[PDB]
Every structure is written in C-alpha cells, then in structure tokens.
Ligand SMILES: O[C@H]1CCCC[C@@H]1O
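Before any questions on how it binds or moves, here is one chain, the form deposited without the ligand, in structure tokens.
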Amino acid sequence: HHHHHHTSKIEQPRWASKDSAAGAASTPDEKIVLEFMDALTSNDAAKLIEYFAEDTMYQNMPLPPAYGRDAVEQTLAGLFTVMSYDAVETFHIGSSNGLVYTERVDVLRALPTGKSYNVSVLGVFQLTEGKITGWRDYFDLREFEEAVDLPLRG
C-alpha cells in the first residue's frame, strides 16, 4: 500500500484560448459530451455506460479498442479497477458532421501506486440520436505509465 501522492494542479496552456467560447458547448451534441466529461470523475461505469448506444465503440488509442456497448463497459469498468479520474478540464470543444472534439487534460490517479498525473488528451466523440456511437482518446501512454508506475500495455 502506498499513500496518495500529490495531485498536480491543472494549468492553462499558453496555446489555450483565453476567454473565448471555444470551451463552451455550442450544440446539443457538445453539451452531451461536456456532461459525459463531468460524469467521468464519478468513476462509475454504470453511470457512464448509459450515454452509449448499442452500436458504439471506445478506444484509448495506445490500448485495444472495444466495439459494442458490452465491450465498452468491460473496458471502462476494467480501467476503473486500477485507475481513477480526479479532474477533467476541457479547453477546446467543437463539432462537425456528427463528431465532437475535446482538447482536454485528464487528472488520473493510479490506484495501486497512489500516484497522480495530468494527461494531455485530444478525444473525438461520435453521436447519434443523442447517444455516443464512438469515443476515441489520443494521448501518449508511456509518459503516463512512467509517471505513475502503472504499465497498462499488454
């Protein structure tokens, strides 16, 4: 057992829009996506899986994809077994052609080591009838694994 290490503060990047509504939901899809982002810090796969359609998918791109609502919940619950969201900060959100995009920072804690890290993420959300039919998050896995001593690949 390891004590909970220091949760680093979420800083506003130089390149982040200063006060514009680049961070605000402009469409109903974007508002859903922003609400999903708020739901992440609950660390509850039950709460999260309700946003998804049956025909959906989910992939953290350095890790294997999950296709289908059933595989998505297995993957979400799986990650919540070793990892926990402490904060999600969304700098830029936008949408075209049925896709939402979020440039954000995820503050994660690795349960087994007690350590914490701020992951720079760009993610894309596919919506249909108000439901998430795809979610892909792009980020560097090695820098996260090494910062919190939690290798996830394989």
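The first residue of the sequence shown is number 1, and the count goes up from there.
Although not depicted, the form solved in complex with the ligand is the subject of the following passage.
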So which of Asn60, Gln126, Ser95, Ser116 reaches within 4.5 angstroms of the ligand in the deposited complex, heavy atom to heavy atom? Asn60
Do heavy atoms from each of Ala53, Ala66 and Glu73 fall within 4.5 Å of the ligand in the deposited complex? no
Mark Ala110 yes when one of its heavy atoms lies within 4.5 Å of a heavy atom of the ligand in the deposited complex, and no otherwise. no
Taking heavy atoms and a 4.5 Å cut-off, does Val121 contact the ligand in the deposited complex? yes
According to a 4.5 angstroms non-hydrogen atom cut-off, is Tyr85 in contact with the ligand in the deposited complex? yes
Within 77-107, the residues having any heavy atom within 4.5 Å of the ligand in the deposited complex are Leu79, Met83, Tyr85, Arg104, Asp106
